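S.K.: So that we are looking at the same thing, I have put the structure below in structure tokens.
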There are 4 protein chains.
Amino acid sequence: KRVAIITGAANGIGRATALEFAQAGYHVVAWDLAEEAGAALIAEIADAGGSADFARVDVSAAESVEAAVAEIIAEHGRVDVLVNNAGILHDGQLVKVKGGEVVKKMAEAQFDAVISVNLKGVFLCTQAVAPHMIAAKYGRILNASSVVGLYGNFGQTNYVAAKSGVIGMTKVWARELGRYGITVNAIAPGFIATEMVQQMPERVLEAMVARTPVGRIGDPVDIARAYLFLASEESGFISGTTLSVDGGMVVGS
Amino acid sequence: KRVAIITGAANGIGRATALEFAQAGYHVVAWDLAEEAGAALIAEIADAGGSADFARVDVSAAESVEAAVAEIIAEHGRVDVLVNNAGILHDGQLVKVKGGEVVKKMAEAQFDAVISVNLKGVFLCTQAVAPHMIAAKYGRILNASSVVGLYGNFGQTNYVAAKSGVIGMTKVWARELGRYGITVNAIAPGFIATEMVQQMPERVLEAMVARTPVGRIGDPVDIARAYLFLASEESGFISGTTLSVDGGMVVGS
Amino acid sequence: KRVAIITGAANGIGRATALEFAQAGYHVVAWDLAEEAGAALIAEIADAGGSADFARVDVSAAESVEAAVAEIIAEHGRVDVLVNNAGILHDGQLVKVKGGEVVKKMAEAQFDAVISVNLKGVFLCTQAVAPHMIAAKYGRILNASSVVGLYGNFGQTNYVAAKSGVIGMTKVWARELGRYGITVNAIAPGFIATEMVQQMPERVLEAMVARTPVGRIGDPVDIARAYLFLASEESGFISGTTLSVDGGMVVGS
Amino acid sequence: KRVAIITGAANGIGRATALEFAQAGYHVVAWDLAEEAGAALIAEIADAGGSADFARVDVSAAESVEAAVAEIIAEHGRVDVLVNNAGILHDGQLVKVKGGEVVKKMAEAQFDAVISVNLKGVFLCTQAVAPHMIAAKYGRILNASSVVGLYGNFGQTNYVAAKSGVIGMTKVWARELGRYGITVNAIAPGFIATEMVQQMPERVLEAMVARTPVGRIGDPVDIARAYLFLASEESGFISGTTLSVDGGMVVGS
Ligand SMILES: NC(=O)c1ccc[n+]([C@@H]2O[C@H](COP(=O)([O-])OP(=O)(O)OC[C@H]3O[C@@H](n4cnc5c(N)ncnc54)[C@H](O)[C@@H]3O)[C@@H](O)[C@H]2O)c1
Ligand SMILES: NC(=O)c1ccc[n+]([C@@H]2O[C@H](COP(=O)([O-])OP(=O)(O)OC[C@H]3O[C@@H](n4cnc5c(N)ncnc54)[C@H](O)[C@@H]3O)[C@@H](O)[C@H]2O)c1
Ligand SMILES: NC(=O)c1ccc[n+]([C@@H]2O[C@H](COP(=O)([O-])OP(=O)(O)OC[C@H]3O[C@@H](n4cnc5c(N)ncnc54)[C@H](O)[C@@H]3O)[C@@H](O)[C@H]2O)c1
Ligand SMILES: NC(=O)c1ccc[n+]([C@@H]2O[C@H](COP(=O)([O-])OP(=O)(O)OC[C@H]3O[C@@H](n4cnc5c(N)ncnc54)[C@H](O)[C@@H]3O)[C@@H](O)[C@H]2O)c1
């Protein structure tokens, strides 16, 4: 069993990814802040007869991430795959104006928070697993971007900055780590039925479907399967790329 | 069985993709100009326990394409998949000057021939199977682009025009056909050792590999499995995209 | 006097560009199929104290292009700038299915004619001018692409193929011709108020503006001033790029 | 006189941009940390008969930025243009290895410092001028990206993240601000002859020119001119775009 670390595993796309990798025979190491959801995931994988650990790790805390990787290596001796999927949102206009003045603007903290998890988290986790991958002459680095990182989107300064930034780091690490048997790719999901989207008002959802050529909101499973494909020992000639899984949706103006 | 049309099936990437889809349990229809190699493909397929047909088809000839699609429908009733992989190269600088005179230039015919096969052939083939995919409310269209369609390349005015335009058409068709259960994607391969590439000077291949982060020339098999994955019934939320399989290679200037 | 060839000069963007370049002090050579509007353009340029010639040229016809470049060399001894702006539209769905049958489809000739003018024509004009730019060790090649070359669009298989493909050739030629003092660039306009556009249903034009961030249809002079800038002898470090002038409009799906 | 804020104005591209805007008749407010160099710039602009102020502003510090904008509005009543050109570099591999042993890795504070100036600072500055531009129904936001944000680059994890992220933020702001007469664009310079590049070894510089189609390193004035064009009151239909000024250079792997 190859070992795969999936961050943000306790919910949504990471939950699906975690499940898919386990069913495929990976030993899954699941990272998240959400401990109850974490244990629930493990219960789900045990019910499906898979092999996996859960660990409470903050991807944006260097000391937390370093300690987590050391424990994996001491227990299992290898990290084959890292999926950097942990994320957060705090949308809002740069400045929101009505009646001759600013009624709201994106809080400096809201900006910093989203960058810390969605950009800096990717850097920390990858930096931490890389030396092991190099020594093993193998690895798979898989980074969560977004369709929104390609086109931009209203109200998503911080989130777009992070997710376009993640594609950039993916291109760098592709170049640096190839010569060591490591590939580095990103995935850019469209609208996916995780909890945020499933809570959207009725009119907004059906417009989102109408704007999507294939005719639906995507499922976490769609992305999980995409990560599994990219992680294959047979996907050694795929590196430095961004695979869109967005039902053909392009974010109009 | 699901039916997959693979154009340019007789050699290289087409041949591997044909062998690959039939092994996965598709019924393959192989189209190519090269009858001898086409027949041998079918033989190899049938010996391995697969099912396939070959037909001599010039993808650039509308009448040829239309008849061949009608034959398939008459025999098998369906077209689940089309891989538009057939292509040719005829490289050359736009213009080559010396002694104050043009001494060589990309001939009109050689511009036209690459356009005809690599661009127009993709249009004709897709256009012919499209109505059958619509009625069945299911389809997979898969188009052969190139890394060089992304970045451009010295000496390839014609090939790059075709391969960049193929991505354009991929985006249109995704828009037009998604409503009918059809996805439309492209693959853009990097350096892949087909016949011609295998016969390139050792020194040149070495420099090509040196420019490739994962550290080798690619194999037809790398591409074959990429189409297979995009062609999956479980890959229905991937559409309008360009999947790069280039080992991380970026064509620098 | 620097000499600038403007193709499709009789109307729309081309007409504004010729007026613009002549006002800046270029000697303009206007190429178009439409002599009536062509000859009037020159009259107006002359009225304003500028310098310009008109020639009836089919940019898709190699002989007619070659002869016309020769005539310019014989008269003026030089070509400093070529603006490949000549274009045509013939839209339509790839196929249109009803009653279980194809009731309309993009005709082979529709596809071909747009490719011929919008892609081939750019190749022929650039090929014919290039040796003179090479001898002079100076040149500016400027290619008409479209916002729709970046994102694709419903109903535009042919137009998108050609415009995405024009960007591809722009990248090749930049690579081939830079060492001779020549830059090669493209512009991708959004919604611009030329003939057909100005005649579109008010309600449709209103929808198009609503999709445009800066809140209006563009004007041909928006484009003409962008070519002039790229054409500048002080724009010699811009090459291989695609300048978008689209008011921030992104063609949603 | 329109008012333009140029950040990182004391050296390199910022200095040339400040001089170019002054010569165009803008009142320039130059921002930088480098005070002596700040005074010298003002003295240069005075010698050329222009109008300009210098202020010591750390773009990464919210309090400093908002105090600086408030002083501009109190003194001049308007901010027409912001060029966010300030930047820093701290290069190095994610993980540097020899002997299957890690000899260096990108320090966390190294990652954080570059993100702080090159990404967050852009967000702070724009956010600080934007309400005034909205009130006035006019504005030009112009963000410094890099060719490296397009293709990635060995040893530039932190810098590429920032510069690719800046492009993302550019796309968000285009969407949000267009309705108020405000445009938002990025420029992506190639290799430009500022101090760092100028200090490069002979052999590395040679190869850099060799790999640049137009045959030289760019000059800061190349980029100054491009910012000026994009900031023109006649460039109101240019928004949401990234103009490359890189001499046709594409960063090979
Ligand atoms: N779902 C979408 O609509 C969508 C769209 C586009 C792109 N994406 C990408 O897919 C990724 C996951 O999206 P999602 O929809 O499943 O969201 P999600 O909320 O369902 O899951 C995020 C998980 O990450 C965890 N998490 C958060 N912060 C963390 C930290 N600092 N350390 C560790 N763990 C942490 C959360 O607790 C949560 O379980 C995102 O990073 C995003 O970039 C999603
Ligand atoms: N192999 C590479 O290095 C590489 C790289 C980048 C892109 N590609 C591409 O992927 C595709 C396959 O490349 P390949 O390397 O396998 O080339 P290939 O020469 O090995 O195979 C091409 C096949 O298409 C057939 N063919 C040609 N013209 C035709 C026509 N008019 N009608 C029908 N059939 C026809 C040929 O007979 C041949 O069997 C190509 O179209 C090309 O666009 C290849
Ligand atoms: N105007 C737009 O809305 C728009 C938008 C996006 C991209 N473009 C591109 O910019 C260019 C100009 O578009 P436009 O709106 O000004 O359209 P237009 O119809 O007003 O002008 C087209 C001109 O090209 C000429 N022309 C056509 N065919 C020719 C041939 N074979 N030889 C010579 N000359 C020829 C026509 O006579 C006409 O004068 C087009 O090539 C188009 O691809 C335009
Ligand atoms: N010149 C090149 O080779 C090149 C190539 C690509 C992109 N760029 C980009 O264009 C921009 C300019 O590059 P340059 O080469 O001209 O750089 P430079 O180092 O010459 O100048 C950068 C300026 O920013 C100032 N600065 C730094 N931190 C600051 C802070 N926190 N607050 C305020 N001011 C601060 C510096 O003192 C300096 O004057 C950069 O942002 C860079 O991203 C440059």
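Chains: A, B, ... in order of the structure tokens. Residues: from 1 per chain. Ligands: from 1, in order shown.
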Hey, list the chain B side of the contact with chain D: 8 Å cut-off, only C-alpha atoms, answer as a PyMOL selection string.
M.R.: chain B and resi 151+211-213+248-253
S.K.: Mind listing the residues within 7 Å of ligand 4, only C-alpha atoms and all ligand atoms counted, as a ChimeraX atom specification?
M.R.: /D:7-14,31-34,57-60,85-88,117-118,144-147,163,188-195,197,220
S.K.: Excluding residue 50 (chain C) and its own-chain neighbours fewer than 3 positions away, which residues fall within 10 Å of it when counting only C-alpha atoms? Please give them as a ChimeraX atom specification.
M.R.: /C:19,21-28,42-47
S.K.: If you measure from CA of residue 110 (chain A) to CA of residue 90 (chain A), what distance in Å do you get, rounded to one decimal?
M.R.: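 Computing the Euclidean distance for CA of residue 110 (chain A) and CA of residue 90 (chain A) yields 6.1 Å.
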S.K.: Can you check the Cα RMSD once chain D has been least-squares fitted onto chain C over every paired atom, in order?
M.R.: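 Across all paired C-alpha atoms, the RMSD is 0.5 Å.
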S.K.: I need the strand (DSSP E or B) residues of region 49-123 of chain B per DSSP on the backbone, written as number ranges by chain.
M.R.: B: 52-56, 81-84, 92, 95-98, 101-105
S.K.: Which is closest to ligand 1 among A:113, A:72, A:184, A:177, if we use only C-alpha atoms and all ligand atoms?
M.R.: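 When distances to ligand 1 are compared using only C-alpha atoms and all ligand atoms, the smallest one comes from A:113.
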S.K.: Just to confirm, what's the straight-line distance from CA of residue 6 (chain A) to CA of residue 65 (chain A) in Å (one decimal)?
M.R.: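 Going from CA of residue 6 (chain A) over to CA of residue 65 (chain A), I get 12.4 Å.
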S.K.: Interatomic distance between CA of residue 180 (chain A) and CA of residue 244 (chain B)?
M.R.: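 A separation of 20.1 Å between them.
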S.K.: Got a sec: who's within 6 Å of region 224-235 of chain C, counting only C-alpha atoms, leaving out chain neighbours fewer than 4 positions off, as a PyMOL selection string?
M.R.: chain C and resi 16-17+140
S.K.: Kindly save the residues from that selection, with N, CA, C and O atoms included, as a PDB file, in the first residue's frame.
M.R.:
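Output contents, as saved in selection.pdb:
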```pdb
ATOM      1  N   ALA C  16     -11.122  52.601 -39.228  1.00  0.00           N
ATOM      2  CA  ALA C  16     -10.643  53.457 -38.151  1.00  0.00           C
ATOM      3  C   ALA C  16      -9.119  53.369 -38.020  1.00  0.00           C
ATOM      4  O   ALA C  16      -8.447  54.361 -37.752  1.00  0.00           O
ATOM      5  N   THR C  17      -8.578  52.179 -38.231  1.00  0.00           N
ATOM      6  CA  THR C  17      -7.146  51.963 -38.024  1.00  0.00           C
ATOM      7  C   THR C  17      -6.338  52.673 -39.098  1.00  0.00           C
ATOM      8  O   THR C  17      -5.289  53.239 -38.815  1.00  0.00           O
ATOM      9  N   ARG C 140       6.680  45.209 -37.897  1.00  0.00           N
ATOM     10  CA  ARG C 140       5.591  45.051 -36.943  1.00  0.00           C
ATOM     11  C   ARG C 140       4.439  44.277 -37.596  1.00  0.00           C
ATOM     12  O   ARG C 140       3.831  44.758 -38.561  1.00  0.00           O
TER      13      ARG C 140
END
```
S.K.: List the neighbours of residue 29 (chain C) out to 6 Å using only C-alpha atoms; skip same-chain residues closer than 5 positions along the sequence, and give me the result as a PyMOL selection string.
M.R.: chain C and resi 4-5+52-54
S.K.: Do a neighbour search on residue 174 (chain C) at 10 Å with only C-alpha atoms, toss out local chain neighbours closer than 4 positions, and write the hits as a PyMOL selection string.
M.R.: (chain B and resi 152-154+253) or (chain C and resi 141+169-170+178-179+182-185+238-241) or (chain D and resi 213-214+247-249)
